[PDB]
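There is one chain below, alone, in structure tokens, taken in the form deposited in one PDB entry.
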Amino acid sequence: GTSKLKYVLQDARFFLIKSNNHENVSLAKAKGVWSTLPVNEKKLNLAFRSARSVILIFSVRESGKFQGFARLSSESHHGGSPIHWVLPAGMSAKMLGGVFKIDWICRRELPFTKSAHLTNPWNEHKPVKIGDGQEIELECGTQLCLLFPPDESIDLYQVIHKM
């Protein structure tokens, strides 16, 4: 059912995450971490302290799909044992140095074809697939998350318990 998920998404903020590779999304799905560039790192830290939930919705460049969505459980943190991201051409480990802990809500794919009817008012009313770090307005982001199939590998309890 959607009661639990709708509870997690009440008053949530939503950010699109655009990964240049599949590897870092596979890594992040298993380990429960994400890192972004400093502009977006600042944006997500502000949203984390301000919002009841901060949702990252992931799409790998050129994949034609979203790969899942997750909720921040921490602000970014530097100084931990380093995540061995596959670094894109012009990116250093220092640029991805802040590590957010995330709890995945769905790790299943949603093709762009299934979200063609949703537009983001905060990106000029363009389809929500169009947009790293683009903020998605509350209702559009909620409906986008609701489109994903249920994920039998996920237990929402840990998220609901830490809210």
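Don't overthink the numbering: it's just position in the shown sequence, from 1. Just so we're on the same page, rigid core means the largest C-alpha set that superposes within 1.5 Å between forms.
Beyond the structure shown, there is the form deposited in another entry, which is absent from this document and is the topic of what follows.
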{"property": "C-alpha of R61 off by 2 Å or more between this form and the one not shown on rigid core", "result": "no"}
{"property": "Core-aligned CA displacement of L27 at least 2 Å between this form and the one not shown", "result": "no"}
{"property": "Displaced residue check between this form and the one not shown: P121, CA, 2 Å or over, core reference", "result": "no"}
